[PDB]
């Protein structure tokens, strides 16, 4: 227990606005894990939106490429997700995910924060 991946920073904003999500990890070191931002729309399967390796290489989903940016703070052990030009199809619950480098069993999922854009 006590692996904590709490997501925050969500909220309601008109389409075209911006949000910045946070995920201050505890029990997990970033130099060891791949941190990935997921999202789950109402009544739909979860999908990966962004990811960053333990070395710092990033990768994104195609329908969010250029608009979202995932970053790390090794000192604060906090992963971030800058969201720009939010489209109505970005309404979902966004949550953290930590996966060990060479230990497939040590995967942990975090509690999500609500992201909703509309008029």
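Numbering follows the first chain given and starts at 1.
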**Q.** Higher-scoring stretch by recorded Cα B factor average, 38-46 or 55-63
**A.** 38-46
Q) According to the deposited model, is the average Cα temperature factor higher in 85-93 or in 23-31? A) 85-93
Q. Lowest, middle or highest third of the chain for the C-alpha temperature factor of residue 98?
A. middle
Q: Using the B-factors in the PDB entry, rank residue 110's C-alpha atom against the chain and give the third, lowest, middle or highest.
A: lowest
(Q) By the recorded C-alpha temperature factor, relative to the other modelled residues in its chain, which third is residue 16 in? (A) lowest
